[PDB]
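File shown: data_19.txt. Contents: compact mmCIF, N, CA and C atoms and all ligand atoms.
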```
# COMPACT_ATOMS: atom_id res chain seq x y z
N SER A 21 -15.13 99.38 249.70
CA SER A 21 -14.82 100.20 250.80
C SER A 21 -13.56 101.02 250.71
N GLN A 22 -12.52 100.36 251.24
CA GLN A 22 -11.35 101.06 251.64
C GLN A 22 -10.19 100.83 250.67
N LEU A 23 -9.37 101.88 250.76
CA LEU A 23 -8.08 101.81 250.10
C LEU A 23 -7.20 100.80 250.81
N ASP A 24 -7.37 100.84 252.12
CA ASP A 24 -6.50 99.99 252.94
C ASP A 24 -6.95 98.54 252.87
N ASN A 25 -8.13 98.21 252.35
CA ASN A 25 -8.56 96.84 252.16
C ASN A 25 -7.99 96.22 250.90
N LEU A 26 -7.31 96.94 250.03
CA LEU A 26 -6.77 96.32 248.80
C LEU A 26 -5.52 95.52 249.14
N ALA A 27 -5.32 94.39 248.49
CA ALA A 27 -4.16 93.58 248.82
C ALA A 27 -2.91 94.01 248.08
N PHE A 28 -3.02 95.02 247.23
CA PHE A 28 -1.89 95.50 246.44
C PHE A 28 -1.68 96.96 246.77
N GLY A 29 -0.53 97.50 246.43
CA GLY A 29 -0.21 98.88 246.77
C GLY A 29 -1.04 99.81 245.90
N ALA A 30 -1.45 100.94 246.52
CA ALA A 30 -2.21 101.94 245.77
C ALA A 30 -1.80 103.32 246.21
N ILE A 31 -1.47 104.19 245.31
CA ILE A 31 -1.09 105.59 245.61
C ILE A 31 -1.89 106.50 244.73
N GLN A 32 -2.54 107.52 245.27
CA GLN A 32 -3.20 108.53 244.45
C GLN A 32 -2.32 109.76 244.34
N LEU A 33 -2.11 110.30 243.15
CA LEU A 33 -1.23 111.46 242.94
C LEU A 33 -2.00 112.61 242.31
N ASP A 34 -1.67 113.86 242.61
CA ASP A 34 -2.17 114.95 241.74
C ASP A 34 -1.22 115.03 240.53
N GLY A 35 -1.43 115.93 239.57
CA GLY A 35 -0.61 115.98 238.40
C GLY A 35 0.75 116.60 238.67
N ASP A 36 1.00 117.16 239.84
CA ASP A 36 2.35 117.62 240.20
C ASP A 36 3.15 116.43 240.74
N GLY A 37 2.48 115.30 241.01
CA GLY A 37 3.22 114.16 241.58
C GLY A 37 3.03 114.18 243.10
N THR A 38 2.21 115.09 243.60
CA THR A 38 1.96 115.14 245.06
C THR A 38 1.12 113.96 245.56
N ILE A 39 1.50 113.32 246.67
CA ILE A 39 0.78 112.15 247.20
C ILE A 39 -0.50 112.55 247.92
N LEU A 40 -1.63 112.13 247.40
CA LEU A 40 -2.90 112.37 248.06
C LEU A 40 -3.36 111.20 248.93
N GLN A 41 -3.13 109.93 248.53
CA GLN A 41 -3.48 108.74 249.32
C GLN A 41 -2.37 107.68 249.15
N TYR A 42 -2.19 106.85 250.17
CA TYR A 42 -1.09 105.90 250.14
C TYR A 42 -1.53 104.78 251.03
N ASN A 43 -1.69 103.57 250.51
CA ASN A 43 -2.35 102.55 251.35
C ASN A 43 -1.36 101.70 252.16
N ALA A 44 -1.89 100.89 253.07
CA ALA A 44 -1.09 100.05 253.96
C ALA A 44 -0.32 98.99 253.18
N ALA A 45 -0.93 98.43 252.11
CA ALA A 45 -0.19 97.40 251.36
C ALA A 45 1.05 97.99 250.71
N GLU A 46 0.96 99.22 250.23
CA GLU A 46 2.12 99.85 249.57
C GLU A 46 3.19 100.02 250.66
N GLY A 47 2.84 100.44 251.84
CA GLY A 47 3.82 100.65 252.94
C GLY A 47 4.49 99.36 253.33
N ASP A 48 3.69 98.31 253.25
CA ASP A 48 4.24 97.02 253.59
C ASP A 48 5.30 96.65 252.56
N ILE A 49 5.14 97.05 251.30
CA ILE A 49 6.18 96.70 250.32
C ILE A 49 7.46 97.50 250.54
N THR A 50 7.29 98.79 250.85
CA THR A 50 8.37 99.75 250.73
C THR A 50 8.94 100.16 252.08
N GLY A 51 8.26 99.78 253.14
CA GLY A 51 8.68 100.14 254.49
C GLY A 51 8.28 101.56 254.83
N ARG A 52 7.58 102.30 253.96
CA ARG A 52 7.16 103.67 254.29
C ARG A 52 5.94 103.71 255.22
N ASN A 53 5.87 104.70 256.10
CA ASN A 53 4.65 104.90 256.90
C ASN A 53 3.68 105.75 256.10
N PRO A 54 2.50 105.22 255.81
CA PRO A 54 1.55 105.92 254.95
C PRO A 54 1.29 107.33 255.43
N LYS A 55 1.23 107.43 256.73
CA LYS A 55 0.86 108.75 257.25
C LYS A 55 1.94 109.78 256.96
N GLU A 56 3.19 109.29 256.97
CA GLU A 56 4.33 110.17 256.84
C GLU A 56 4.50 110.73 255.44
N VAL A 57 4.12 109.94 254.41
CA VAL A 57 4.43 110.29 253.03
C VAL A 57 3.34 111.13 252.37
N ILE A 58 2.15 111.23 252.94
CA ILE A 58 1.08 112.01 252.33
C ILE A 58 1.46 113.48 252.18
N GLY A 59 1.27 114.12 251.04
CA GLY A 59 1.68 115.47 250.81
C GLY A 59 3.08 115.67 250.25
N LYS A 60 3.92 114.63 250.19
CA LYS A 60 5.25 114.80 249.64
C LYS A 60 5.18 114.50 248.15
N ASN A 61 6.21 114.88 247.41
CA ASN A 61 6.28 114.55 245.99
C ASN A 61 6.75 113.14 245.83
N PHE A 62 5.97 112.32 245.13
CA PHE A 62 6.39 110.95 244.94
C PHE A 62 7.71 110.86 244.20
N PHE A 63 7.84 111.57 243.07
CA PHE A 63 8.97 111.33 242.17
C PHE A 63 10.28 111.91 242.69
N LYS A 64 10.18 113.02 243.41
CA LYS A 64 11.36 113.77 243.79
C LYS A 64 11.84 113.48 245.22
N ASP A 65 10.93 113.00 246.07
CA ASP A 65 11.24 112.85 247.50
C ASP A 65 11.08 111.43 247.99
N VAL A 66 9.87 110.88 247.85
CA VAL A 66 9.64 109.56 248.41
C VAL A 66 10.34 108.48 247.63
N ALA A 67 10.25 108.55 246.30
CA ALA A 67 10.62 107.48 245.40
C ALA A 67 11.54 107.99 244.30
N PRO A 68 12.70 108.52 244.64
CA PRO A 68 13.55 109.13 243.62
C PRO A 68 14.02 108.14 242.57
N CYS A 69 14.00 106.84 242.84
CA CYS A 69 14.40 105.91 241.80
C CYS A 69 13.36 105.86 240.68
N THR A 70 12.17 106.42 240.86
CA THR A 70 11.15 106.51 239.82
C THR A 70 11.30 107.79 238.99
N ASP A 71 12.25 108.63 239.30
CA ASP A 71 12.41 109.87 238.55
C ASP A 71 13.28 109.57 237.35
N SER A 72 12.68 109.01 236.33
CA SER A 72 13.25 108.42 235.15
C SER A 72 12.33 108.62 233.98
N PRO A 73 12.82 108.60 232.74
CA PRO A 73 11.90 108.80 231.62
C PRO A 73 10.74 107.81 231.57
N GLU A 74 11.01 106.56 231.87
CA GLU A 74 9.95 105.56 231.74
C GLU A 74 8.93 105.57 232.87
N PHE A 75 9.17 106.31 233.93
CA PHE A 75 8.22 106.34 235.06
C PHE A 75 7.78 107.79 235.18
N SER A 76 8.52 108.67 235.91
CA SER A 76 8.06 110.07 236.03
C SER A 76 7.93 110.74 234.68
N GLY A 77 8.80 110.44 233.71
CA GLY A 77 8.66 111.10 232.41
C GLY A 77 7.38 110.72 231.71
N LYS A 78 7.02 109.44 231.74
CA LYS A 78 5.77 108.95 231.18
C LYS A 78 4.60 109.55 231.93
N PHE A 79 4.70 109.70 233.23
CA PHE A 79 3.61 110.28 234.03
C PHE A 79 3.38 111.68 233.50
N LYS A 80 4.46 112.49 233.42
CA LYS A 80 4.29 113.89 232.99
C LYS A 80 3.79 114.01 231.57
N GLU A 81 4.19 113.12 230.66
CA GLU A 81 3.61 113.16 229.33
C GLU A 81 2.11 112.91 229.43
N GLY A 82 1.71 112.04 230.35
CA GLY A 82 0.25 111.66 230.38
C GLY A 82 -0.51 112.79 231.00
N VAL A 83 0.05 113.45 231.98
CA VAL A 83 -0.66 114.60 232.54
C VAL A 83 -0.88 115.63 231.44
N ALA A 84 0.19 115.96 230.71
CA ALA A 84 0.11 116.94 229.64
C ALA A 84 -0.93 116.61 228.59
N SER A 85 -0.94 115.35 228.17
CA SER A 85 -1.87 114.98 227.12
C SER A 85 -3.23 114.62 227.69
N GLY A 86 -3.33 114.38 228.99
CA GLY A 86 -4.57 113.90 229.58
C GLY A 86 -4.82 112.45 229.23
N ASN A 87 -3.81 111.77 228.73
CA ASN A 87 -3.91 110.38 228.39
C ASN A 87 -2.84 109.55 229.09
N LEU A 88 -3.28 108.65 229.99
CA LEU A 88 -2.26 107.87 230.69
C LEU A 88 -2.85 106.55 231.17
N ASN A 89 -2.34 105.44 230.71
CA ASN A 89 -2.83 104.14 231.24
C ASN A 89 -1.80 103.16 230.79
N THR A 90 -0.86 102.82 231.69
CA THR A 90 0.31 101.99 231.22
C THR A 90 0.70 101.05 232.31
N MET A 91 1.21 99.91 231.94
CA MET A 91 1.71 98.90 232.87
C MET A 91 3.15 98.54 232.50
N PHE A 92 3.99 98.41 233.50
CA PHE A 92 5.39 98.07 233.27
C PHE A 92 6.02 97.53 234.54
N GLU A 93 7.07 96.78 234.41
CA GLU A 93 7.84 96.28 235.54
C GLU A 93 8.84 97.35 235.98
N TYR A 94 9.20 97.37 237.26
CA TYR A 94 10.14 98.37 237.79
C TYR A 94 10.80 97.76 239.03
N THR A 95 11.93 98.36 239.40
CA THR A 95 12.58 97.90 240.65
C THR A 95 12.64 99.07 241.60
N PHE A 96 12.09 98.87 242.79
CA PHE A 96 12.15 99.88 243.86
C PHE A 96 13.35 99.59 244.73
N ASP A 97 14.27 100.55 244.87
CA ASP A 97 15.52 100.22 245.56
C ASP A 97 16.07 101.37 246.37
N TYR A 98 15.29 102.41 246.66
CA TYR A 98 15.75 103.47 247.51
C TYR A 98 15.34 103.25 248.94
N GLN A 99 16.30 103.18 249.85
CA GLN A 99 16.08 102.98 251.25
C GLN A 99 15.16 101.76 251.51
N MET A 100 15.51 100.67 250.79
CA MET A 100 14.83 99.44 250.98
C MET A 100 15.66 98.35 250.32
N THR A 101 15.31 97.09 250.53
CA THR A 101 15.91 96.02 249.76
C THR A 101 15.39 96.07 248.33
N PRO A 102 16.19 95.86 247.29
CA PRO A 102 15.67 95.97 245.91
C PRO A 102 14.53 94.98 245.76
N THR A 103 13.42 95.53 245.24
CA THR A 103 12.17 94.82 245.11
C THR A 103 11.56 95.00 243.72
N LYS A 104 11.42 93.89 243.01
CA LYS A 104 10.80 93.92 241.66
C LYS A 104 9.28 94.03 241.80
N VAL A 105 8.69 94.97 241.06
CA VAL A 105 7.24 95.18 241.10
C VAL A 105 6.69 95.30 239.68
N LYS A 106 5.36 95.15 239.58
CA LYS A 106 4.64 95.50 238.41
C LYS A 106 3.78 96.73 238.82
N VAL A 107 3.85 97.77 237.95
CA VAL A 107 3.22 99.07 238.18
C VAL A 107 2.13 99.29 237.11
N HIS A 108 0.99 99.72 237.55
CA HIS A 108 -0.08 100.19 236.65
C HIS A 108 -0.30 101.65 237.01
N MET A 109 0.05 102.55 236.10
CA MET A 109 -0.10 103.97 236.35
C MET A 109 -1.12 104.49 235.37
N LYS A 110 -2.05 105.29 235.85
CA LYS A 110 -3.14 105.78 234.96
C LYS A 110 -3.69 107.07 235.46
N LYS A 111 -4.35 107.86 234.56
CA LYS A 111 -5.23 108.96 234.92
C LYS A 111 -6.51 108.32 235.53
N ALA A 112 -6.99 108.88 236.66
CA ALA A 112 -8.24 108.40 237.24
C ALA A 112 -9.39 108.44 236.24
N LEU A 113 -10.30 107.52 236.36
CA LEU A 113 -11.50 107.43 235.48
C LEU A 113 -12.58 108.49 235.72
N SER A 114 -12.46 109.21 236.82
CA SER A 114 -13.38 110.33 237.11
C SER A 114 -12.55 111.37 237.83
N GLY A 115 -12.96 112.60 237.85
CA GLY A 115 -12.27 113.71 238.51
C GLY A 115 -10.93 113.97 237.85
N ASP A 116 -10.02 114.52 238.63
CA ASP A 116 -8.73 114.97 238.11
C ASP A 116 -7.57 114.54 238.99
N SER A 117 -7.21 113.25 238.94
CA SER A 117 -6.12 112.72 239.75
C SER A 117 -5.58 111.52 238.99
N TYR A 118 -4.53 110.92 239.55
CA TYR A 118 -3.78 109.84 238.94
C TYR A 118 -3.58 108.73 239.94
N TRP A 119 -3.45 107.52 239.51
CA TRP A 119 -3.21 106.42 240.43
C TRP A 119 -1.97 105.66 239.99
N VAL A 120 -1.22 105.14 240.94
CA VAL A 120 -0.13 104.18 240.76
C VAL A 120 -0.49 102.95 241.61
N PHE A 121 -0.73 101.82 240.97
CA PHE A 121 -1.01 100.56 241.64
C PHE A 121 0.21 99.68 241.47
N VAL A 122 0.54 98.91 242.50
CA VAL A 122 1.80 98.17 242.58
C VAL A 122 1.60 96.78 243.13
N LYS A 123 2.22 95.81 242.48
CA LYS A 123 2.26 94.48 243.08
C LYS A 123 3.66 93.88 242.98
N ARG A 124 4.00 93.03 243.93
CA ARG A 124 5.25 92.32 243.85
C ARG A 124 5.23 91.40 242.64
N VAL A 125 6.37 91.19 241.99
CA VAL A 125 6.31 90.14 240.99
C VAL A 125 7.40 89.12 241.29
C1 LIG B 1 12.62 104.30 244.35
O1 LIG B 1 13.22 105.25 244.88
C2 LIG B 1 11.40 103.75 244.82
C3 LIG B 1 10.95 104.08 246.09
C4 LIG B 1 9.57 103.86 246.48
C5 LIG B 1 8.59 103.33 245.61
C6 LIG B 1 7.30 103.25 246.02
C7 LIG B 1 6.89 103.71 247.29
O2 LIG B 1 5.61 103.56 247.67
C8 LIG B 1 7.84 104.33 248.14
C9 LIG B 1 9.15 104.39 247.74
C1 LIG B 2 -8.10 101.43 235.15
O1 LIG B 2 -7.36 101.22 234.12
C2 LIG B 2 -8.94 100.44 235.75
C3 LIG B 2 -8.90 99.11 235.60
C4 LIG B 2 -9.72 98.15 236.32
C5 LIG B 2 -10.51 98.24 237.44
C6 LIG B 2 -11.11 97.13 238.08
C7 LIG B 2 -11.06 95.92 237.43
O2 LIG B 2 -11.68 94.80 237.89
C8 LIG B 2 -10.39 95.83 236.19
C9 LIG B 2 -9.73 96.89 235.67
```

What would the structure in this file look like if it were written as structure tokens?
Ligand SMILES: *C(=O)/C=C/c1ccc(O)cc1
Ligand SMILES: *C(=O)/C=C/c1ccc(O)cc1
Amino acid sequence: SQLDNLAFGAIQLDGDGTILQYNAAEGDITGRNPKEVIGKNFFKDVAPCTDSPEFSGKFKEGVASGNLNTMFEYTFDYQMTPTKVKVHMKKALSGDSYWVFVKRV
């Protein structure tokens, strides 16, 4: 069914980093209101601590090459309590979009 039925955070991005979908579990981790963040740039506005070579830089390399499927640990710490997460970022398996899935670790 739903994006909002997943127990882990899920964000859909276009290749500019624009937020297309943002689920309730992700908001619960980060304190963001899903409705508020849709349409903003993930890397530059919502989540500036991800604007780093290993996160946004890896994303942009994958958009360019059309190849992206990586998992890594990260700490989210902008306008929230520092929170360790595991991130799975990938090019979608159909169409032309990208996903960032997140769980607490
Ligand atoms: C660093 O600035 C991380 C912030 C953040 C990560 C993930 C989100 O869904 C929202 C903000
Ligand atoms: C993308 O890398 C998808 C991975 C995935 C989807 C659902 C599963 O049960 C297992 C892997």

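Among the candidate residues A:37, A:27, A:83, A:122, the one lying nearest to residue 62 in chain A is A:37, with distances computed using only C-alpha atoms.
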
Among chain A, which residues carry a DSSP assignment of strand (DSSP E), reported as number ranges by chain? A: 29-33, 39-42, 89-96, 103-111, 118-124

Do you know which residues are within 8 Å of ligand LIG 1 (chain B) using all atoms listed in the file? Can you write them as a list in words? residues 29, 30, 31, 42, 43, 45, 46, 47, 48, 49, 50, 51, 52, 62, 63, 65, 66, 67, 68, 69, 70, 71, 95, 96, 97, 98, 99 and 100 of chain A

Protein and nucleic acid residues within 8 Å of ligand LIG 2 (chain B) (all atoms listed in the file) as a PyMOL selection string: chain A and resi 88-90+108-113

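Coordinates place atom C of residue 38 in chain A at a distance of 10.2 Å from atom N of residue 57 in chain A.
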
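Note that the spacing between CA of residue 26 in chain A and CA of residue 119 in chain A amounts to 13.6 Å.
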
For each of A:34, A:23, A:118, A:125, take the minimum atom-to-atom distance to residue 105 in chain A, counting all atoms listed in the file, then give the residue where this is smallest. A:125
